[PDB]
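By convention here, the first residue in the shown sequence is residue 1. First listed ligand is number 1; within each ligand, the first listed atom is number 1. Atom set for the values below is all heavy atoms of this structure, side chains included, hydrogens, waters and symmetry mates excluded.
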Amino acid sequence: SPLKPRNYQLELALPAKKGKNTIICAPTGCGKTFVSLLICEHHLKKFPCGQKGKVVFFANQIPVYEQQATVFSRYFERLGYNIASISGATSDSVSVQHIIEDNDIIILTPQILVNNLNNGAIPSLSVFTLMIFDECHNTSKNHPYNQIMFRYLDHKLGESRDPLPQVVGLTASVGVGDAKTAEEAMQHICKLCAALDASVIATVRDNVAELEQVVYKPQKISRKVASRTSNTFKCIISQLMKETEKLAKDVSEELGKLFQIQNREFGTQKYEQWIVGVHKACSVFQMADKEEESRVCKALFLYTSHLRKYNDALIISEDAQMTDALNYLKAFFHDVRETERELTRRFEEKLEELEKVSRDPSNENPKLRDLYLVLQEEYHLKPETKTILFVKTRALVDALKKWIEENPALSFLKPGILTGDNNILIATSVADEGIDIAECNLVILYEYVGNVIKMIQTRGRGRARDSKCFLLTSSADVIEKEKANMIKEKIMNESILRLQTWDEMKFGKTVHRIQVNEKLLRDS
Ligand SMILES: Nc1ncnc2c1ncn2[C@@H]1O[C@H](COP(=O)(O)OP(=O)(O)NP(=O)(O)O)[C@@H](O)[C@H]1O
């Protein structure tokens, strides 16, 4: 049995079901493909005896193409519709023309259709009754989408009496181009609507709460936070890491080459990725001498295991306390218990100095001080605040929890680790788990870099009472990007709301004037 549509899905689909050329603008994750399934089904059922609709669906990316092809065939083939998909994988050895003739829904990469319009294989877009453009914000410049639309519009603004298909675009963002004001952003959006001959921009307006149970992005308030003026722990550990890398790179010339790779600085997620890469290269490594293959790989796995621990401790020192970074290392080296004994005593030779720098009060992490300031402010204003604190890595979770537990100035916090009484839960990225922030009053992104964090809100408390989100970062770059993106999104949303308020004749005339201008340019 078939999925029940969400209400906001019906809401988005409705204008297209009424036959209007529509741009559906809805967030990543809310299931626009399913909305397009609803539109296509309704569309095809419109036709009376004898008549048959014919839908073309354009995919912009190969992986997405394959997925859509599968979704559409799975859903419609069962109902006895002819469904086909074709891309460059097969286009040069089949008759696109006959595939279009034989099918009710065709999933295509667009260049294929462009090629077959240009050689007359498909003499006219009139053969389609509905065209769906995924990622439709791409209908610009000289993209294949725009090239298809040029023909559609030449036909529309010309003297032919042959009908044109309905056009529906899907996108997560109509975008704003280089607009800085609502005036310019509205112009940009009207030009995209002109490009796709759209008369409606459909967004979720009536069923927002239901949407937000599926995908939700809160407003972020960014705050610049201090960071270390020096890191002696990091200098020492970095030296251990260089020694270790020398040892590792020399195991095998062939695998040695992997250490040539640059843009993998100590104490970063890039370094961790590089390590994953090394383990990967090892997994498929082969020599004729199998015992030696085994020796090389065992060696590399040992060395890299250590490097990974070091890299993690560096990150811990970066965002949290040196002592907890050091404990992380001590725990590892104890737990592992001979290259191993050597590496172990190489670490042990630094222990006294490491302990020294870690115990030095002047090595308190100033970033933690700013985190403290934020926490103290918010709990001072609202003592019953519940908080979710996101950090960069799994090891940082334990380090932050320890910091809170040992800090008498944070006596108001009872920390716990997010599972998937406590007033603050600590977590790192773990997709594709959606976090429900309808619980908490405060979300803190603490120097958070990595995979985006998928959030939902299972209920609303009013916008004033919905959870706050702070982005704490030491990067001026990140703060500037956040600010710019916030402006873009504001002007885009206000522009859309305005356009949605417009009289249909006003909108139609505005769009038509744009289309006339663009065609006049192209024709010359
Ligand atoms: N009404 C629904 N009931 C149950 N599952 C749904 C419904 N709508 C969508 N889904 C599922 O949610 C998943 C969405 O995956 P996704 O890659 O995001 O799809 P998409 O529609 O192509 N792109 P997007 O709009 O960004 O979500 C799919 O597995 C859908 O089947």
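- For atom 15 (O) of ligand 1, no protein heavy-atom neighbour is found at a distance under 4.0 Å.
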For residues 71-80, please give each side-chain donor-acceptor pair under 3.5 Å, one per line with the distance, not counting sequence neighbours.
{"from": "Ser73", "atom 1": "OG", "to": "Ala69", "atom 2": "O", "distance (Å)": "2.9"}
{"from": "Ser73", "atom 1": "OG", "to": "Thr70", "atom 2": "O", "distance (Å)": "3.2"}
{"from": "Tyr75", "atom 1": "OH", "to": "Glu41", "atom 2": "OE1", "distance (Å)": "2.5"}
{"from": "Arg78", "atom 1": "NE", "to": "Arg74", "atom 2": "O", "distance (Å)": "3.4"}
{"from": "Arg78", "atom 1": "NH1", "to": "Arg74", "atom 2": "O", "distance (Å)": "3.3"}

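- Interface atoms of ligand 1 facing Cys30, defined by a heavy-atom separation under 4.0 Å, are 27 (O).
- In this pair, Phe301 and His279 present their aromatic rings tilted. The plane angle is within the 30 to 60° band.
- Ranking protein heavy atoms by distance to atom 25 (O) of ligand 1, first place goes to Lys32 N, 2.8 Å.
- Looking only at atom types and distance, the side chain of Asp436 has a donor-acceptor partner in the side chain of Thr458 under 3.5 Å away.
- Legend: salt bridge (charged side-chain N to carboxylate O under 4.0 Å, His left out) pairs involving residues 113-142, not counting sequence neighbours: none detected.
- Residue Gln9 touches ligand 1 through its side chain alone, judged by heavy-atom distances below 4.0 Å.
- Any N or O atom pair closer than 3.5 Å counts here, and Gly29 shares at least one such pair with ligand 1.
- Of all protein heavy atoms, the one closest to atom 12 (O) of ligand 1 is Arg6 NH2, 4.9 Å.
- For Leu3, no nitrogen or oxygen atom sits less than 3.5 Å from a nitrogen or oxygen atom of ligand 1, counting backbone and side chain alike.
- Each of the following atoms of ligand 1 lies closer than 4.0 Å to a heavy atom of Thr33: 20 (P), 21 (O), 22 (O).
- Checked by distance only, ligand 1 and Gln68 stay at 3.5 Å or farther apart across all their nitrogen or oxygen atoms.
- There is a protein heavy atom less than 4.0 angstrom from atom 6 (C) of ligand 1.
- When only interatomic distances are considered, the shortest N/O to N/O separation between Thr28 and ligand 1 does not fall below 3.5 Å.
- Here the CZ atom belonging to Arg394 is positioned 5.0 Å from the CD1 atom belonging to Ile417, to the nearest 0.5 angstrom.
- For the residue pair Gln515 / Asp197, a side-chain donor-acceptor distance below 3.5 Å is found, with atom types taken as modelled.
- At a 3.5 angstrom cut-off on N or O pairs, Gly31 counts as close to ligand 1.
- Taking a distance limit of 4.0 Å, we find that atom 28 (C) of ligand 1 is approached by no protein heavy atom.
- Note that atom 22 (O) of ligand 1 has protein non-hydrogen atoms nearby, at separations under 4.0 angstrom.
- Of all the atoms in ligand 1, the ones that sit under 4.0 Å from a non-hydrogen atom of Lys4 are 1 (N), 2 (C), 3 (N).
- Each of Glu447, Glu318, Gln269 was scored for a side chain to side chain donor-acceptor pair (under 3.5 Å) with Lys392, with one residue passing: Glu318.
- A donor-acceptor pair shorter than 3.5 Å can be found between the side chains of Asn118 and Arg151.
- Within the 6.0 Å centre-distance limit, the rings of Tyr271 and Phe266 are counted as a close aromatic pair.
- Of the residues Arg461, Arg463, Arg6, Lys217, the one that meets the salt bridge (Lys or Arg N to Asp or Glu O under 4.0 Å) test with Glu212 is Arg463.
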